[PDB]
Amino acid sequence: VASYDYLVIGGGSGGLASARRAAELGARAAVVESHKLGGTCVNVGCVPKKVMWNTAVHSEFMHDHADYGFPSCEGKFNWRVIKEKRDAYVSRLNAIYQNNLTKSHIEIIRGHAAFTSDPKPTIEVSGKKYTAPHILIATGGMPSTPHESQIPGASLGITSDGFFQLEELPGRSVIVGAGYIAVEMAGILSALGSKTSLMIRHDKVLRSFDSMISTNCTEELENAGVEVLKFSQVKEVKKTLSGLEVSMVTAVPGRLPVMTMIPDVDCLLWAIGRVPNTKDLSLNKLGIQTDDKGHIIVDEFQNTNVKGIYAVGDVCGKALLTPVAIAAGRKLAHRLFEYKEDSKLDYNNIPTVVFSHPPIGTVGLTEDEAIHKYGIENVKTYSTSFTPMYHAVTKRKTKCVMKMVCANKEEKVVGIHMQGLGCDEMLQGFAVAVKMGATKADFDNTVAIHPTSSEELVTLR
């Protein structure tokens, strides 16, 4: 039984970040990883997604070429070219992460970890035992798929993982789900030329975002050529002579349900949720608490219910983002190895960018959330809607919408929501301002940068 100061199960964002900081602090750490280092984020998430987004962004910009004084650009996007380049780049990152671990003197234990029956918390990987007084579970999650029992033929569809395996651009694609991943995938496939449908159970996407954003985002998708199938769900999927045939039920409220067949589908992409990876951990041997989806339950300090066992990142099921897993993993290392007992991540005011077209940036409370927290009488919002100057000379148009949610007399900024060209890079510093507790006067007292989109947020009235 090899003993370490810190054993981290999972070599993705949270697990690596935590292991690296711990090692800086003098801890003797080891990371168990059964697949590729970098985990979701590098292999099938953040990185490959962004590359595909940059590609889709090229496609749109190329539509404006002639408007800008150039000759029309004519053609066909070649999926395999970019796919090969994207894979290579992921390969480069995996090699860097491995090197980062080595330079830090962190041991990499390759294989699938599981807890043992042993009294003092101990794991087994490939027959060998490993123990530490602090063990971090950072095993992440996976895409959720429907059971054949509920939706026959569901296994004919792919997930976001399968999306990163595709080698050709699917001619006809149907995406099921209304969350950010669904939105992102629909936007990429459509911009690159796939005849794309997005099938959502209600009338808008991103229903948990501020309502200005869910409305605007739904319209932008339609305007970009994505067919949004509202109040619809899949009833069955079948393999026809040439592709898939999707049977769906549309049930608009105030109307009779109607069943429709969608034929000749090349790609059926389930983007319905993520499930935690805890199933094969043998958690029950230690009696570690999970919720009914399999998420590990933790407190504000990432503690599980068992002493010396922690969990961070996707596996915990809250704020499923690369930077949160990292920040939580880091704060945890400072708490354990630097003896900073108050060291923990604040889960409020975490900013998010959704890589739609145009991108979305959000931080803090939606208007409804502020209304429930402070009361209608105490909430004031400011908003603007305009066409960015980039489109002054284009036939194709996109809008920029921004909304500021203020609370109390002081007009504290408690929420910022926007969608528009450049909003992906614009959000970070306002997130800093929001975290510091800025009020509207603080924004108003900052001299604008002209001509930009960003200047609209400091000149709202």
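Residue indices: 1-based, along the sequence shown.
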Notebook entry, point to check: Between 394-402 and 45-53, which has the larger average Cα B-factor in the PDB entry?
Noted result: 394-402
Next item on the list: Going by the average Cα B-factor in the PDB entry, point out whether 272-280 or 175-183 comes out higher.
Entry: 272-280
Check: Of the choices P359, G364, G375, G329, which one's C-alpha carries the largest B-factor in the record?
Finding: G375
Next item on the list: Tell me, please, which of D87, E222, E168, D203 has the highest C-alpha B factor according to the deposited entry?
Entry: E168
Next item on the list: Would you mind ranking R335 by its C-alpha B-factor against the rest of the chain and naming the third, lowest, middle or highest?
Entry: middle
Next item on the list: Divide the modelled residues of the chain into thirds by Cα B-factor and specify which third, lowest, middle or highest, holds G429.
Entry: lowest
Checklist line | Chain thirds of CA B-factor: placement of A22 | finding: lowest
Checklist line | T215 CA temperature factor, ranked by third within the chain | finding: middle
Check: Lowest, middle or highest third: where is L37 by Cα B-factor in its chain?
Finding: highest
